[PDB]
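One structure below.
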Amino acid sequence: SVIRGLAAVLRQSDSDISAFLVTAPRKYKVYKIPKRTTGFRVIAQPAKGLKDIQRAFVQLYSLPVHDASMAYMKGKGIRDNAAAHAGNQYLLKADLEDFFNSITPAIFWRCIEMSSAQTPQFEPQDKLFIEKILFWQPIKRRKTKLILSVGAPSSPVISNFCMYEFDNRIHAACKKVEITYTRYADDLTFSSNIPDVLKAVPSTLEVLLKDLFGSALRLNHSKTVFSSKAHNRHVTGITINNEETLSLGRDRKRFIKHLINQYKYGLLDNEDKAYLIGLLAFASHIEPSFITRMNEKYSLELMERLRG
Amino acid sequence: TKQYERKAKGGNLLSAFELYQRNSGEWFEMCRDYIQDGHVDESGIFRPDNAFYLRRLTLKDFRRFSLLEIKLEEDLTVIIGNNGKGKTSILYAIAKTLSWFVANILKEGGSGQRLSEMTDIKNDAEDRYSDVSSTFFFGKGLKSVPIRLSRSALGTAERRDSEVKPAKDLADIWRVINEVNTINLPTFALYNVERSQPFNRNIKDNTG
Amino acid sequence: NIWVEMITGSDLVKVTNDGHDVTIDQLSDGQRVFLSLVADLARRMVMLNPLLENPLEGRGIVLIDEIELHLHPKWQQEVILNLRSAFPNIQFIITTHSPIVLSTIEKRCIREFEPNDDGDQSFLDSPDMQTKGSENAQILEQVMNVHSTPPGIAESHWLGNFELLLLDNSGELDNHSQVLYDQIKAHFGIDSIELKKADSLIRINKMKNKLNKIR
Amino acid sequence: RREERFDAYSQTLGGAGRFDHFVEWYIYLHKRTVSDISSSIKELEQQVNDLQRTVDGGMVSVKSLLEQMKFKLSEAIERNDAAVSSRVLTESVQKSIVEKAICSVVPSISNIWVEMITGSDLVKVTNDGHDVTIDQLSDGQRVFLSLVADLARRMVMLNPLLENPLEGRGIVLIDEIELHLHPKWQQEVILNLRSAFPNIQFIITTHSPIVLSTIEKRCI
Amino acid sequence: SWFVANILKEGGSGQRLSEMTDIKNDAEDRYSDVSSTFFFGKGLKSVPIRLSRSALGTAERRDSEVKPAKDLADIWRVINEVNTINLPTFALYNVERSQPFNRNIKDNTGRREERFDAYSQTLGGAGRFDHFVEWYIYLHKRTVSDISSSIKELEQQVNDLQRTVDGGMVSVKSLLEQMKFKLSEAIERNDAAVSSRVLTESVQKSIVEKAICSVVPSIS
RNA sequence: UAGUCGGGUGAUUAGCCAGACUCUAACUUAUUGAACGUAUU
Ligand SMILES: Nc1ncnc2c1ncn2[C@@H]1O[C@H](COP(=O)(O)OP(=O)(O)O)[C@@H](O)[C@H]1O
Ligand SMILES: [Mg+2]
């Protein structure tokens with residue numbers, strides 16, 4: 001049935017879809033992306049044919065996603081995520097280890113079985129095809145090891161779904177004690193105005209993860225960080241200032257001003273100029289007041305010239 | 001790359017070093033100045049602009065500890081408790097972590113020490129593995145150097161990996177910059193109860 | 001002072017210890033062990049900091065277990081101060097069982113285990129009391145959770161018992177209170193703090209009783 | 001060699017004791033307590049008798065084996081007789097005495113026993129309510145355990161005729177009694193030692209006011 | 001040493017250059033290299049090996065390149081495991097070979113009989129003439145004895161013991177099991193010896209005697 | 001005190017000025033994929 005649906009969407013024969021899917025878990029290009037400090041991340045992108053199938057699958061089958069899930073959601077982003085926590089003085093950040101590569105077919109099917117909200121029902125015959133659509137085989141020789149890849153277009157949807165029940169439980173638990181909770185992919189954020197309530201959250205998380213996923217998904221204990229208005233607070237790259245307003249941060253603002261000053265004297269190269277323009281669009285989205293200030297500081301004419 | 005250039009010009013040491021390695025003057029001097037710059041305070045004591053110290057330590061299923069976090073002072077931290085509270089365990093955990101800096105200052109890709117699979121995993125831990133996680137500070141240009149040493153208990157079929165690359169990356173800066181132009185290097189030492197020993201002048205070590 | 005002699009025909013390191021010239025082999029274990037620590041540390045810093053005017057102002061992390069090992073109380077009062085003076089940019093991470101050592105350190109530097117821990121405590125914390133400049137007996141009780149007087153010795157309770165007897169007999173020395181008084185005097189001596197406290201109790205209680213009778 | 005009575009004098013005045021000798025001796029005592037020797041003699045006697053009957057029945061090939069078994073039997077009887085001849089305490093009693101001493105004197109230790117783990121004999125201890133190996137003990141606990149265990153071993157070996165062998169005579173020298181001990185243990189250590197070993201003359205050195213608070217000035 | 005190590009064990013390590021003694025004192029590059037090229041027929045005209053070592057604190061490490069030697073040694077090891085082949089001899093005889101002889105010689109532990117004892121201490125500098133004497137005496141004893149007679153004798157003893165257990169003497173069952181184990185071990189050793197295609201002890205002895213007498217002029 | 005937030009100045013990722021904050025307690029991250037902003041259409 002999954003095959004018939006895909007064939008219809010992609011205007012292909014059932015036979016050619018089925019044939020393609022036989023080796024689909026191996027149809028991934030592996031490459032490296034430089035980290036911002038030193039080193040590399042390894043990424044696996046599906047081949048074009050497989051990407052099309054994956055997108056078709058996601059289109060055909062709507063999986064439930066909790067409102068606390070901020071990543072990969074239409075009309076939501078890092079701004080919304082940060083804004084959720086801006087009014088609270090105390091902050092806790094937690095992180096899940098090897099999040100995407102921890103999600104296996106076993107976890108996926110368990111989540112389907114367990115799910116409260118209306119999950120699509122799949123015929124047993126379709127389960128094998130679904131696994132081949134959604135999961136990557138990193139090791140050629142080991143056909144048994146299938147995992148989600150961050151690089152696949154279906155992986156965001158599947159990962160959010162797999163966290164649905166987790167999000168339900170923890171969100172409900174936090175709401176009872178007046179803690180705000182959001183998740184951006186593998187990044188968990190908790191905030192509150194009550195002192196000495198966030199300390200219990202890490203223990204609660206560990207128990208819940210064990211309950212739902214056993215040993216498959218774990219907290220990165222090194223990445224658990226407490227913060228307050230005594231210290232720097234940021235959520236997904238956005239600084240929350242002490243006036244409870246979203247900010248780019250002083251250093252980034254100073255850097256942007258530097259680039260504008262360079263532009264004013266015709267010192268910016270084309271690459272840097274393009275960079276500056278892009279960054280200003282982001283600044284306009286997070287902190288529009290900053291753009292107003294730059295207009296005041298640098299002449300509206302200069303800024304318009306830049307953005308033209 | 002332009003991204004590294006921006007970060008490096010912002011004072012990021014790792015970016016400056018990456019640019020130095022790819023082009024191999026400007027960037028070399030940035031790295032060397034980051035390590036060597038400092039000033040003499042009012043008391044006449046030299047103070048490095050970029051201090052190096054252990055900020056935080058986390059122990060998971062290590063010896064007596066199920067999950068323990070310690071925040072350390074930049075200058076002096078004293079740990080107190082009754083016998084058997086794990087004071088020596090804490091020092092051992094730190095010393096093993098520091099061994100990774102020492103090994104890599106001596107030799108590119110050098111190996112530090114390891115947690116014991118016989119003794120170091122907590123006896124009644126349901127997950128049969130242990131983690132020692134440290135974070136080091138080296139000035140505003142390198143605020144966080146995270147290291148994890150891990151070990152699985154002897155029978156266990158899953159094996160838990162250590163994460164030591166950040167230690168190696170920082171130690172590489174010290175080693176490489178020193179080779180080109182001499183710099184001051186950090187001292188790491190452990191003095192445990194084994195420091196009490198009989199003296200024999202007669203015995204001379206002929207190794208190095 | 002420390003120096004090398006070769007004239008005997010073998011190389012000997014000698015030291016002036018308490019005004020006497022001795023060999024290293026003749027030092028007490030406490031002196032030798034402490035000398036060893038400092039000598040080793042200084043050597044390494046000199047070798048690793050060739051471009052500093054004072055190489056002992058170099059960077060590093062030094063771990064010392066049981067800093068008070070083999071040290072007389074007199075030395076325990078100096079040891080942390082001396083080390084920090086000599087090595088001002090080293091991060092020291094130390095363990096100790098010595099209240100005397102703690103009396104020389106700020107409370108912010110101290111990390112204390114909870115008394116009935118069982119290895120499930122999440123975060124270590126500093127004591128409530130300020131230790132630096134405090135009396136050793138207070139540190140024993142308030143930080144180390146140990147009585148300043150040994151509870152397992154009967155004589156440690158005699159003053160308490162004496163006071164209770166005095167209060168049971170309306171403040172007058174009865175036969176029983178007199179016996180115990182004599183025991184205190186015999187055991188601790190005529191010039192003891194304990195006897196002075198007993199004397200004080202007698203004086204105060206007699207005067208309180210006189211006031212009560214006047215009323 | 002660890003079972004020989006005068007092994008009790010082996011590096012007694014060397015300064016460290018021999019805690020390694022204790023562990024060997026203690027495991028030995030455990031193995032002998034699980035294995036009765038006279039039943040082995042009775043079993044060996046029965047085997048010798050069965051083998052003798054086979055040799056008498058014309059099977060000359062097993063004569064070499066009979067001679068070996070007779071030798072083993074004679075050795076077992078001799079050991080039994082030597083044990084009988086030594087008037088020495090039973091291995092079970094020896095074990096119990098030492099265990100009690102250790103648990104009484106060393107505060108963190110409530111129990112000590114021998115486990116067969118995999119194919120090797122291992123001493124285990126209940127330390128602060130948790131079961132651990134000797135190698136897992138803290139330095140302070142181990143050092144003090146070592147002292148008491150060694151001393152108890154030697155006293156048991158040298159005083160076989162006493163109901164309580166730890167009430168034997170002797171002179172014991174201890175340098176820096178407070179070595180590695182927290183203040184709480186310093187308040188109990190002298191009392192515990194003197195209670196366990198009542199007829200030993202102790203000559204000790206200390207830097208601890210806490211230790212001195214438990215001792216009369218005449219002893220100082 | 002790298003060939004020998006890998007013939008003996010998969011992943012075996014040979015010896016390494018010293019950072020202290022092997023690097024030239026005034027080397028500008030602050031590393032040392034020992035490069036060798038071996039020949040093994042026209043099918044493998046070049047087997048290169050490099051042993052390297054860098055000074056402490058150099059910016060780059062100099063590692064040894066040993067893979068070709070390991071690959072070749074692996075062929076010898078693996079093929080030999082399946083079907084016995086002849087193996088190469090490596091030996092160093094330094095001036096240390098001039099040493100006095102211990103007249104008193106060790107009882108046959110049984111390590112000297114094992115084929116890969118031939119690689120023991122082969123590059124140490126002195127040889128092992130003590131091992132020769134032990135091995136040669138062993139060879140003599142086996143030549144004067146018969147092999148399999150012990151098995152036949154053991155077979156006869158196990159048969160006699162089996163008859164005794166079948167006759168109702170259950171006490172000797174433990175001894176039967178021990179003897180069956182000894183018999184199985186003897187057969188296995190015999191079979192392993194048979195499987196290893198090793199020359200008869202008599203022939204081995206003859207070859208060596210002839211070699212010695214041929215090469216050493218004073219010895220007939 | 002210190003650290004943090006950051007409105008201003010400053011050929012400007014620096015420095016300096018101003019104001020404020022303090023649960024034991026931020027360490028600024030990753031693409032070509034996904035989502036979001038802007039441009040293009
Ligand atoms: N693997 C282990 N599992 C559980 N407890 C352990 C383990 N290893 C050691 N311990 C316990 O930890 C304590 C060791 O204390 P130690 O680290 O030496 O601290 P201290 O120096 O303060 O005594 C003892 O109580 C010992 O029983
Ligand atoms: Mg992009």
Side-chain angles (χ1 to χ4, degrees), chain A residues 33-34 43 45 77 150-151 153 274-275 278-279 281-282, chain B residues 3 57 59-68 70 78-96 115-132 151-156 190-194, chain C residues 63-69 93-98 111-121 124 144, chain D residues 106-112 117 122-145 179-185:
Chain A
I33 65 166
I43 303 294
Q45 207 186 134
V150 72
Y275 173 72
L279 199 55
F282 176 72
Chain B
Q3 290 82 275
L57 178 72
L59 307 177
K60 142 72 182 71
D61 292 325
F62 177 71
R63 298 194 174 173
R64 70 179 303 258
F65 302 112
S66 62
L67 185 57
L68 179 70
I70 313 174
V78 182
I79 304 165
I80 65 166
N82 293 319
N83 284 101
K85 288 292 179 201
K87 304 178 294 296
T88 295
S89 298
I90 294 161
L91 296 187
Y92 168 104
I94 300 167
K96 295 286 197 180
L115 307 180
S116 175
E117 66 185 4
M118 320 308 272
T119 57
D120 289 343
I121 293 93
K122 179 166 176 148
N123 293 333
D124 58 279
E126 200 176 288
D127 314 319
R128 290 263 77 231
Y129 73 86
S130 59
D131 286 352
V132 173
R151 202 75 194 268
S152 288
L154 186 139
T156 304
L190 170 67
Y191 299 102
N192 64 196
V193 294
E194 263 152 28
Chain C
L63 312 175
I64 311 173
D65 221 324
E66 292 186 45
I67 189 65
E68 76 273 272
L69 183 69
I93 309 170
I94 305 301
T95 65
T96 185
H97 293 137
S98 169
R111 301 287 174 276
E112 126 215 82
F113 286 95
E114 275 164 356
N116 298 306
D117 188 317
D118 199 62
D120 291 292
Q121 185 179 357
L124 302 178
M144 317 266 307
Chain D
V106 185
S108 64
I109 300 179
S110 56
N111 196 18
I112 182 163
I117 284 159
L122 218 79
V123 177
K124 290 196 98 80
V125 151
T126 304
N127 181 44
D128 304 307
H130 303 281
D131 299 350
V132 294
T133 66
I134 283 168
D135 24 294
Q136 293 176 306
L137 292 175
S138 80
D139 289 305
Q141 290 163 347
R142 196 173 73 250
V143 87
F144 191 52
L145 170 65
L179 185 69
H180 304 317
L181 302 178
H182 186 278
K184 205 121 210 167
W185 285 17

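Order of listing sets the numbers, starting from 1, for every ligand and every atom in it. A, B, ... follow the sequence lines: proteins, then strands. Residue 1 opens every chain.
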Report summary line: By side-chain hydrogen bond (donor to acceptor under 3.5 Å, both in side chains), B:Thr88 pairs with (sequence neighbours left out) C:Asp65

Query raised in the report: So, B:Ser66 and C:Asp120: side-chain donor and acceptor under 3.5 Å apart, yes or no?
Result: yes

Query raised in the report: What residues sit with at least one heavy atom under 4.0 Å from ligand 1?
Result: B:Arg63, B:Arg64, B:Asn82, B:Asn83, B:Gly84, B:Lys85, B:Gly86, B:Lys87, B:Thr88, B:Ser89, B:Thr119, B:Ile121, B:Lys122, B:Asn123, D:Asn127, D:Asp128, D:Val132, D:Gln136, D:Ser138

Query raised in the report: When rounded to the nearest 0.5 angstrom, what is the spacing between CD in D:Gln141 and CG in D:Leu181?
Result: 10.5 Å

Query raised in the report: Just checking, any donor-acceptor pair under 3.5 angstrom between side chains of D:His182 and B:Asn82?
Result: yes

Report summary line: All heavy atoms of B:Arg128 vs all of B:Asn123, minimum pair found to be NH2-O, 3.1 Å

Query - From CZ (C:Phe113) to CZ (B:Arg64), nearest 0.5 Å - result: 6.5 Å

